[PDB]
Structure formats: C-alpha cells, structure tokens
Amino acid sequence: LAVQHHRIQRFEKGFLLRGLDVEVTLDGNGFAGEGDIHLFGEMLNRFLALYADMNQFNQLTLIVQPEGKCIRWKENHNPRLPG
Amino acid sequence: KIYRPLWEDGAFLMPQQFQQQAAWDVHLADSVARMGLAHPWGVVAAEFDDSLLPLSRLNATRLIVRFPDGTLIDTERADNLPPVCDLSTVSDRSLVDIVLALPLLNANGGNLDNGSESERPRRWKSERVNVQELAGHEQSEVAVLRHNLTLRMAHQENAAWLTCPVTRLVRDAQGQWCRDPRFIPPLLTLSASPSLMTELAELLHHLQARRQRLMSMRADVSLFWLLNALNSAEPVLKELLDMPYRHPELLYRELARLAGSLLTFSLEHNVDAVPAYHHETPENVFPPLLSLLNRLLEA
C-alpha cells in the first residue's frame, strides 16, 4: 500500500553508524497470515541487503494495516568495523 | 602527586583533568575518615558460594572491601566478581588462606588493560555497559572502568598485588573442603563476620544473667564494684551490638575498658591479659579478649 523511508542514527561498539529505515505498509489480507508475511519480509530484507549501498545498514519494517502491528528486521550480516 | 585542574573560560577540556579530579576527591574523603579511625581499610562483605567446594571450586558471590590505599571495591554497585578459583592444585594441602588481590598503580601510566601481556599486571579493565539517563527516558552504551580483581592463595607470590583476606578453607572430616567456622578477615564492619557477632551475643547474654544474679543480693565493696562495672558497660555494649554496622575499633575500646576493670579483683590472670588491637589479624584480638571476659565474668 505504501513505501516510506527514514535516516537511521545508531551506535555500535562505541562508533556512530549510518543506516536506512525501510517501512512498508501491507494489506494483511493478501497473505496467508503471519506465515506468508514473515517469509515475504525475510526475502525483502535479504534483497535490500543486496541492493543498498556501502557503509549503510538497513532494517525492514512491515506494517499490517488491518491491525496496526508490525514485524521488524534488525540485523546486519556484513563484515564490519575491522579496526 | 595530584594535580587539581583549573576550570576556566577558554580552557581546553581534557581526560587528564577528570582523572586528577577523581584522585583528589578520593584523597580528601580518605583524609576525613582518618580523623577518627586508625585503620579505615578492611572488609565489609565476603560472601561465598561454598556449595561448589566439593568440586574444587571457590566462587565469590558478593565482595565489598576498602583496600589499604583507599581503593573501594563494591561488587554490588560498581565492580565485577573475580573468576572462580580452581582448588585442584591445592590437593596436597590441608589449609589454604584465600585473599582478594588488586594490582597496584603504575606511576608512569599504562594502567588500563589493552589485552596485551606484560611483566606487571594491569589494574583497570574497560567494559561496555548500558546506562540509563536519570533525567530523561533514554539509554546508551558507555565505557566504564572495572577493577582487575582476582582470588589468590597466601602461599603464592603476591608481590605485585595488594591483598586482603576474604576466606579460609580447611579439609573436613570427609576430606572435603569447607569454610573455616572460625576465620575473621580484617574487618571494617562488625556484621561482615557472623562468627564474631555470635560470640559477642553470648557475652552480652552472660553479662545480663550475671548482673541480675548479683543485683538480687543488694564487705559489700566487691558486690557494689562489680555491679557498677557491669551496669555502666551494659547500656553501651548493648547499642554497639544491636547495630553492628561500624568500625570495630569502637567496640574494642569498650570491651577493653570492661576487661580492664574486672582484672582489678581477678587474681588468676596476668596484668596485661588484655591483647593489643591488631587490625590485620582480628583472630589474635577478639576471641582472646572475649575468652578473657567470659572467664573474668564467670569467676
């Protein structure tokens, strides 16, 4: 239904890192409950990791409009902060 | 040397200012304590989990102690517990004195442990912790300092550390290790060692029992004298024992006065029966004096 994004200011190991907050609003009636919504989001999160630029972490938030609840993916699998 | 920083407009902000300021404030606090207390340093808490002694492991649970050089260790509020002591190398012994060791300061810097090895142990460790801001509603990770504490045995070389006794382990009848029922760390707070509180409680009981027996009998010089001595002491000793939360020095003086008086009529004890106060080794002070008092009183 909608796509929006925000800048993220976050800390890790005493350092200040930049990232991107990707928020997508979904109509939950298009999915077979959380099972499908989650797996869809998991794929999207992975895709974003492969699309987003360097020195940027990305998180995905999916909002289930009929309820207002959301599922958040807050993780980073990239090697980082080598020194 | 301590270099108090000069705070002024245009001055640079530097980590040295903060470190020196902290040193000054500790020094000042120590100075105040010494106005009334001969030996401000000592143990406040030395609680161990002894359920693991059957498996050759000594694990501290809560340690609070002020070191000889003003350093304050507080497990409950600021410091981490030391690693568990492995007693498997104590197999050939029947008695071990365990002390808490703290590395001493490097005058020329390099006090913080950066993960490297060196001939002289580092004193401070850096850790990352989550701290809540008191004023608002937010949290962040900050760097904090912890002391590099560890448990060591008295029979080991301890030159590089300041040490303070915390527990003593002795072989039991079953060949198992257990905590010695009669061990007293150099105390800063009376409640730090239940063993002493128990003996003190017995003394108080006996004093009251004897005083009542004597009082009911009211050539009478000995009777009146003894009652006077006991009646004078009771109101003070009582309070000191009801609230066992102060430096033992205060108790020592009071007990010494009582023993001093009683020895006047006693014949079977030496004039110098009352022991000197040895802060470092309470075991050579309290149980002696208390045993003396019990005998003087029973007589």
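Because the Cβ atoms are built from the backbone with ideal geometry, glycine has one as well, and the counts that use them run over all protein chains shown. What follows is calculated from the coordinates using simple rules that are stated; it is not laboratory data.
Residues in the stretch A:6-15 that are away from chain B (no Cβ under 11 Å), loosely packed, with under 13 Cβ neighbours inside 10 Å and not charged (D, E, K, R): how many?
2
If the requirement is being of a type in the set (A, V, I, L, M) and under 30 Å from B:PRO165 (Cα atoms), which of these qualifies: B:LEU297, B:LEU241, B:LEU207?
B:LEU241
Can you name every residue in the stretch B:43-72 that is outside any loop (DSSP other than H, G, I, E, B) and among the charged types (D, E, K, R)? Can you show your working first?
Let us first name the residues in the stretch B:43-72 that are outside any loop (DSSP other than H, G, I, E, B), namely B:43-55, B:57-66, B:72.
Result: B:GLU47, B:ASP49, B:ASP50, B:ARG57, B:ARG62, B:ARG66.
Go through the stretch B:129-156 and give me each residue that's more than 16 Å from B:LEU100 (Cβ to Cβ) and either assigned to a loop (DSSP other than H, G, I, E, B) or more than 14 Å from chain A (Cβ to nearest Cβ) (or both).
Restricting attention to the stretch B:129-156, the residues satisfying the condition of being more than 16 Å from B:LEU100 (Cβ to Cβ) are B:129-145.
Residues satisfying the conditions are B:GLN132, B:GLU133, B:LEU134, B:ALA135, B:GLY136, B:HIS137, B:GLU138, B:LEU145.
Only one residue in A:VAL3, A:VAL22 is in a strand (DSSP E or B), surrounded by 13 or more Cβ atoms within 10 Å (Cβ to Cβ) and away from every other protein chain (no Cβ under 14 Å). Which one?
A:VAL22
Can you pull out the residues in the stretch B:99-126 that are surrounded by 16 or more Cβ atoms within 10 Å (Cβ to Cβ) and out of contact with any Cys (no Cβ under 7 Å at 6 or more places or on another chain)?
B:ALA101, B:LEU102, B:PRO103, B:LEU104, B:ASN111, B:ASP113, B:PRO121, B:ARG122, B:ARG123, B:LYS125
Of the numbered conditions (1) farther than 28 Å from B:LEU63 by Cα; (2) assigned to a loop (DSSP other than H, G, I, E, B), B:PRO181 fails exactly one; give the number of that condition.
(1)
In the list B:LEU204, B:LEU293, B:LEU267, which residue meets the criterion of being over 29 Å from the mean Cα position of the chain (by Cα) and not small (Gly, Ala, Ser)?
Numbers: B:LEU204 fails: over 29 Å from the mean Cα position of the chain (by Cα); B:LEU293 fails: over 29 Å from the mean Cα position of the chain (by Cα).
One residue alone meets the criteria, B:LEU267.
Just name the residue that is farthest from the other protein chains (Cβ to nearest Cβ) out of those in the stretch A:25-50 that are closer than 19 Å to A:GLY68 by Cβ and among the small types (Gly, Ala, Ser).
Taking the candidates together, the pick is A:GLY30.
Does at least one position in the stretch B:80-94 carry a residue that is more than 14 Å from chain A (Cβ to nearest Cβ), more than 27 Å from B:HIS278 (Cβ to Cβ) and among the basic types (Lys, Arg)?
Within the stretch B:80-94, none of the residues are more than 14 Å from chain A (Cβ to nearest Cβ), more than 27 Å from B:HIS278 (Cβ to Cβ) and among the basic types (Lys, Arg).
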